[PDB]
Structures are given as structure tokens and as C-alpha cells.
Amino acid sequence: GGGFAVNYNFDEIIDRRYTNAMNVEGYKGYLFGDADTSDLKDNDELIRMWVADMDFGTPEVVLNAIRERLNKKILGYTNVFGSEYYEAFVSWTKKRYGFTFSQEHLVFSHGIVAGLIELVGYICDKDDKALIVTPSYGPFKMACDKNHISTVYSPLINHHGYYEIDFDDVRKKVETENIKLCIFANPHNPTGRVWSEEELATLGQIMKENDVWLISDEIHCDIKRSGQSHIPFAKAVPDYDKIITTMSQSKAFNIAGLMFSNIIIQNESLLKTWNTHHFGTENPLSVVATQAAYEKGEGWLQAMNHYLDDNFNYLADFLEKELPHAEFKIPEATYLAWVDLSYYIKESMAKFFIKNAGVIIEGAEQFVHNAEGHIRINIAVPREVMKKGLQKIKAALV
């Protein structure tokens, strides 16, 4: 059955020390690069609310699938054979979004950023340009950089944390610049928008009219407030084979470390390129984990989302009371809160909050453009941890 009867405990404090977790160990390198961080007090017991992995356990249904695979004793060369994996994945997309795609069109990457890097290389020639809306998940730009593809930004319009696409701006840029590709988060990181069919259709008709490819990164699509629906870009715009879809269970099931992602490529030419040029076999533990999420993970994921919704409600009340000049809207999707602290801001905000709050967040410097004065707070943590972090953030701003 679907996992609805089990009581889960999202309040559980799970120790992440001595696990080589980037969340615990690697904030200085990620946030500050090669810069000197000697001014940071090494012995600060930091509350982690930065990188997008969860402090909630990967559900036992997923972990038990990995255990059963280990019991088969050999961890040799693996690939996705037959149709069982495909059937599990398309069953999920059909059921949840009315989205179907052919088995031939499904290929695999070792995480979605690796997929983006490879895709951009195949799609874009040296003098082609890519468009992103801003603020943006940073690896969308890094994937272009890695391929020597220049990026153009279209800043989203912001009303008090409710963001929308400036279609006039996108259209102008697509028409006047050599834009070959748009990389797009549906739903959006860091703003949390769940795009409507109408928004996606409007963007799709700009892309079709201008022969622009669009990669829809839907990795956050199953993390959303109760009652929200997700519409895949390729469902909203079903008449264009240059929409590529990326989805995984990494975010939803807290298995980013397993590096196994779905890429749906509807363009026969690009698919041939992928098929003949893509190198890599698959990790058996990663594939069994992901398949287990699709087949068995429904109940747990619902419970996780319900708990997150209560965390967002607490956060909203907390900000209203304790930081009334901050601006926040509960996002429609993701476990990431985007908070405008422009009023309180008088060095990078990530450095500020580590030094002055003992809290690790992400700031404007992590989101490319159009992010001034904001932080991103990861609240996929026990409510008690979130409370402690919010208290420290508040103390530092006042």
C-alpha cells in the first residue's frame, strides 16, 4: 500500500556529523570559494538552513529497497533494462499531472546539474546565448559558463515576494539577442512560484515563435503546499519538441547523494546525439532507491509536505511578530523560504549571518541577479531547529 497508515516523526533530530555531508562540512567552500575565511570563528555551533537537502530522513521504504538490493551481494555494472523503471516513473507523472511520455524519450543523468551541463553542450554552438529569469538557481548560469555559452537575464517582477515573469522583457530579449536556449525552473527556485498553465503557455509561445529550446527543470515539482498542482512545461506546451523535462526523486525523497535523474528528450535529433555521445552506466543502489520512491513513496511524501506546510505557517507568524519589516510570502512550492531583509541591511549576507547569528543561509550572491537584500532559508528541518535558527536571525537584524 501507499504508506498512509504509518505515523512518521519529522521532529526527529538526525545527527549528520561524520557523514561527509556538504550541509555540515562544505559551507565555506560553496558560499565563499577561494576567499579568506580566517575571520569566521571555527568553534561556532552553526544552525544549518542553506543547501537544499533535508534534515528529514530518507523514508524507510526507500532505504529498505537499498537494503534488499545489498542482500543480492554483487554491486556490478548496472543499467536500466526492461520497462519496470519507466512504468513506475510515467505512472507517477500520469497520476499526479496527467503527463505521459514514451519510454524511448527517457534518458538518465547523474544529477540534474550534470544533465544540464551535457544538454547545453549538445544544444548550443559557440556564439549561441542562453536566457534565464532572475533571481535564479546558480548552476543554471554555471552550466552555461562550463560550455562557454553567455547568459542573458530577464529579471522577474516582484510584488512583496510574489514573483512573475516579465513577458515583454523575455520577448524583447529573445527577439533581439541570439537566444538559443532558456533554462527554466518549474517550480521556481528561489521564489517558490508554481507556474500556471497560462504562464507556461505564454512563455512557450515566445519560445516556439523564436525557435528557442527550453529546459524545464522540475526537480521541486512534488514539494508544494497542500492543494497546489504541478503542470509540466511539456504538458502546458505539448506541441513543441524542443521542451526538455528534468525530474528526479533527489529533492522530494532526500537522495541527492544518489545522483540519478530523469531527462525527457522529445527531439529525435538531440536524442540521437544523447544516445550516441552520453557516457555512463548507472548505480544499482541509486536506481532501486529512486524506483522505490515512485512505487511506494506516496504516503510519506504527503506527510512530509504536510509538515513542511506547518513549518511555513510558523515561519510566517514568526516574521509577522518578530521581524515585521521583513517581506515574505509563503511559497507555493519548495521547502525554501525567500525573505526580503532590505529594511534591516546596513559583506555577503551569508557571511553576515554566519558571523553575527551563527546561522548558515544563502544570500543574494548565490542567486545570480535580482536578489538584493534577500536570504533563502531552508526549512526542511524539525520545527525545533527552525525555531532556534529564526531566533538567531532575528537577534542579528534588530
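Each residue number is its position in the shown sequence, starting from 1.
Looking at 323 to 331 and 184 to 192 together, the entry lists the larger mean B-factor for 323 to 331, computed on C-alpha atoms. As recorded in the PDB entry, 29 to 37 is the stretch of 29 to 37 and 355 to 363 with the greater mean C-alpha temperature factor. Within the selection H230, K251, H110, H278, the deposited Cα B-factor values reach their highest point at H278. Highest CA B-factor among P284, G121, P135, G257, as stated in the entry: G121.
For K146, the recorded CA B-factor ranks within the highest third of the chain. Only modelled residues enter the ranking. When all modelled residues of the chain are sorted by CA temperature factor, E60 is found within the middle third. When the CA B factors of the chain's modelled residues are split into thirds, the value for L46 lands in the highest one. Among all modelled residues in its chain, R383 ranks in the highest third by Cα B-factor. The entry lists a Cα temperature factor for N20 that places it in the lowest third of the chain's modelled residues.
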